[PDB]
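Enquirer: partial complex follows, first chain(s) only, in situ:
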Amino acid sequence: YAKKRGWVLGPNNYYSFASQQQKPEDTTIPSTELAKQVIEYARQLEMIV
């Protein structure tokens, strides 16, 4: 495991890297798909009689 991956033995202590996520979301950015959903409602409300 030392040659392939990390887990490198130092002073009697291994070291595993952090494999978590750090994504800084804002989520008002997908506001186009929301307006897309609002329009396709009133599309489907109207347009067929």
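Expert: Yep, that arrived. Residues are numbered from 1 along each chain as shown, chains lettered A, B, ... in the order given.
Enquirer: in chain A, which residue is most central in space?
Expert: residue A:23 (6.7 Å; CA atoms, centre = their mean).
Enquirer: gap between that residue and residue A:13?
Expert: From residue A:23 across to residue A:13, the span is 30 Å (CB to CB, to the nearest Å). Where you see a C-beta, it was placed from the backbone N, CA and C, and this is true even at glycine.
Enquirer: which stretches in chain A count as helices?
Expert: Applying DSSP state H to chain A gives helices spanning A:32-45.
Enquirer: okay, now residue A:39: neighbour count?
Expert: 10 (other CB atoms under 10 Å).
Enquirer: ugh, wrong one, residue A:24
Expert: Residue A:24: 4 neighbours (other CB under 10 Å).
Enquirer: ok, residue A:37 next?
Expert: 9.
Enquirer: could you do residue A:34 as well?
Expert: 10.
Enquirer: for it, what are its contacts?
Expert: Listed by CB atoms under 8 Å, 6 or more residues apart in numbering, the contact set of residue A:34 is empty.
Enquirer: so how far is residue A:40 from the residue of chain A most remote from its centre?
Expert: What lies farthest from the middle of chain A is residue A:49; by CA atoms, centre = their mean that is 41.3 Å. Distance, residue A:49 to residue A:40, by CB to CB: 18 Å.
Enquirer: same question for residue A:18.
Expert: Taking CB to CB, one finds residue A:18 at 41 Å from residue A:40.
Enquirer: include chain B too:
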Amino acid sequence: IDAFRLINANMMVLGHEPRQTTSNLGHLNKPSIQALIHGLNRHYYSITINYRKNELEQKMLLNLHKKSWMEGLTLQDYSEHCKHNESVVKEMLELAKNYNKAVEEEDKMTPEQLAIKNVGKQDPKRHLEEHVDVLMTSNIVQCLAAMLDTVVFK
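Expert: If we add chain B to the chains shown above, we get the following:
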């Protein structure tokens, strides 16, 4: 608005309104009971009036009367907006309970005659989806205008 035109009193042996090659005279007005009592048709006659519509007048009258630039993107701030979405739910609920009351009732002795002699024109679908349509369209217009300004303004 109506205009009129006097006929002479010498044409007493001939029928008045000497129409010859026209068939539009049955249109544009027929002589009502309040018109043919005073002088029609024995004194004067009626005349047709159309409207001289053209370009350089019509679109510029509409674009200055029924037109708003800054108003089409306002937000009608939500103190009274979500307040308006509350007084309508209660009366719709009572109509729904009244709609509940008739649907569970279901008179099934001579139904088609009882339905036609007892109409109300407010219970089944008159007061049921009218306000529901109005509350649906308003928040859609309001939220879509709210979403667009968030797309535009940063």
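Enquirer: chain B added, so what about the neighbour count of residue A:24 now?
Expert: 4 (other CB atoms under 10 Å in any protein chain shown).
Enquirer: can you check residue B:29 too?
Expert: 13.
Enquirer: excluding sequence neighbours, find me the nearest residue to it.
Expert: Spatial nearest neighbour of residue B:29, excluding adjacent residues (CB to CB, 6 or more residues apart in numbering or on different chains): residue B:46 at 6.3 Å.
Enquirer: now that neighbour: phi and psi?
Expert: Here is the backbone geometry of residue B:46 (degrees, to the nearest 10): phi -90, psi 160.
Enquirer: right, and residue B:139 touches residue B:78 too?
Expert: No. The criterion here is CB atoms under 8 Å, and residue B:139 misses it with residue B:78 at 10.5 Å.
Enquirer: who has more neighbours, those two?
Expert: residue B:139 (15 against 12).
Enquirer: who touches the more buried one in this structure?
Expert: residue B:85 (CB atoms under 8 Å, 6 or more residues apart in numbering or on different chains).
Enquirer: quickly find the element holding it.
Expert: Using DSSP states H and E, residue B:139 falls within helix B:130-152.
Enquirer: orientation of that helix relative to helix A:32-45 in degrees?
Expert: Helix B:130-152 runs at 150 degrees relative to helix A:32-45, counting by axes from the mean of the first three to the mean of the last three CA atoms, to 10 degrees.
Enquirer: how near is the residue nearest the centre of chain B to residue B:138?
Expert: When CA atoms, centre = their mean is applied to chain B, the residue found nearest the centroid is residue B:130 (15.7 Å). Separation of residue B:130 from residue B:138 (CB to CB) stands at 13 Å.
Enquirer: noted, bye for now.
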